[PDB]
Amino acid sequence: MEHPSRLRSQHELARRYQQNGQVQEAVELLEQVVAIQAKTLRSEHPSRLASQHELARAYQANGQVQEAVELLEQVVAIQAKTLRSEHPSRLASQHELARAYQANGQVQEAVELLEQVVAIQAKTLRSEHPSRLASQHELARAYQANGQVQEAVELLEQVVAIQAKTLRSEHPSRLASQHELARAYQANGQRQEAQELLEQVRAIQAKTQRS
């Protein structure tokens, strides 16, 4: 095949399949992509690594979590040698491996990867960037699943404090982080605080949305 890197186009076809429930078909598509690129591209080639990342995502969507973990461990190991910590593709595969680890009950390993992603994004992205916020919320949930509920509260209290100085009370992201904090408070046995915060969020949502 002329230019096997151009099989990047197949990532979108796979995504379309997954959205309609055709998760098996997506895995079969990307297995063929990965096999073609394995014959033609070096193991450190970013196009080859990108397709392995996409195949691992497809594996997880098809319930093949162990397969996803093993493939992402390979991608992350190769990128740990070839890419800086701040490289967006390195961060993307660390994040995806943390997702797969979580699905596989490997909660400690997921926390370690998400701490890395959150620490690096604290440098490279602004506080209201949705990718940065999403990773903070994901880390908080991973903390809770690893018995580190106090650390989830500490993290989310800091996020919420910053948003109180930067975003309007009605901003969807400010409300989202307050909801996540209320969840963390509940897991931490701070149930009165959780109830109070949830009431505040619901009141703002009602004012904004209720016709």
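Note that residue numbering begins at 1 and tracks the sequence as displayed.
Mean C-alpha B-factor is higher over 119-127 than over the other stretch, the pair under comparison being 119-127 and 137-145. For the pair 172-180 and 159-167, the record assigns the higher mean C-alpha temperature factor to 159-167.
In this PDB entry, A56 carries a Cα temperature factor that places it within the lowest third of its chain's modelled residues. Looking at the C-alpha B-factors along this chain, the one for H87 belongs to the middle third. Looking at the C-alpha B-factors along this chain, the one for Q64 belongs to the middle third.
Per the deposited record, the Cα B-factor of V27 falls in the middle third when ranked against the other modelled residues of its chain.
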